[PDB]
């Protein structure tokens, strides 16, 4: 009864917690300056408990005098994975990010971002007078909203935590879906580029002020940054390195890469999106017959932006009970339903998915799974292979 009031009330307070837990980047036009502004919070986990808030204010304005696209209000949704290179002796960060635009219901610069673009990042910083520099290199693939980079502190040890520098260290690699392409300021500014400025307030601590130039130099997208940090506490969360480096129990880069390859089999036109047409094609080639309504409801189920298609980050979320999943997978492979996957059936399944492999490569797949040497893959063999 008292316990029921605590529960009731606690559920409500935890609900506001759960709802506020994953703040997106809120973008708005700035007509006056021919650009945009953005406002958002970042919650950095504190080692051993709690969150350090970082309140971001941002403005971007074009570098050139050309025309740009000035967007309606929308947001960007970001997923970030931080890691370490075990062979790297310098202070560093490996970063993987997926960013997609959303929040509007239902071509200048686009051509620069259709494939993989090399990226260079240079940062010179001063935090409480501690001078430092960072340089990073990698690739962006705006089709998947994907950025992959490795960063090095080129002045020795970073005097602030790596996670605090992530937002500072190329929003032109965000995936805007088709209906929102007219709201992509970032690409419209290219190749001449844009200036990005922010102030970032760390609750109960200091602030960063940054200015950056983001432009192409040849075929490379370059982000060159000046950062000044003031008013930080010597034993606070930033200067004290009390923030958690990476989120626990995320997927491996290698697992993500296998999911991307899997996504490819569906996205036959390579535009970074799975439509009902494409999902249907694959399902039908497998011997299944969804209706249009079933195909649509299937997509809706995982359609976070509500565009009617599955983009890669949405697919990754779904792929990120197990026994029953593996058993149903087995039936799809075992086309005639006799309890054995034959080399022929596997050949056919590969063709059905659009997976081009020689007959010898297929034989090697069976051989890897085929414990009892009958040249076929039974259910128990399939489970060992799948787990």
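Numbering follows the first chain given and starts at 1.
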Checklist entry - From residue 169 on to residue 170, does the model leave out none, 1 to 3, 4 to 9, or 10 or more residues of the deposited sequence? => result 1 to 3
Next on the checklist: Does the chain run continuously from residue 320 to residue 321, or are deposited residues unmodelled in between? Answer none, 1 to 3, 4 to 9, or 10 or more.
Outcome noted: 4 to 9
Checklist entry - With respect to the recorded C-alpha B factors, which stretch has the higher mean value, 182 to 190 or 107 to 115? => result 107 to 115
Checklist entry - Can you tell me which stretch has the higher mean Cα B-factor, 307 to 315 or 191 to 199? => result 307 to 315
Checklist entry - What's the residue among 300, 220, 207, 174 with the greatest CA temperature factor in the PDB record? => result 300
Checklist outcome for this item: Note to self: of 286, 94, 262, 160, the C-alpha temperature factor tops out at 286
Checklist outcome for this item: Split the chain's modelled residues into thirds by Cα B-factor; residue 375 lands in the lowest
Checklist outcome for this item: Assert third(CA B-factor, residue 88) within chain per record equals highest
Checklist entry - Compared with the other modelled residues in the chain, in which third is the CA B-factor of residue 146? => result lowest
Checklist entry - What third of its chain, lowest, middle or highest, does the C-alpha temperature factor of residue 153 fall into? => result middle
Checklist outcome for this item: Chain thirds by Cα B factor, record data; residue 133 belongs to the middle
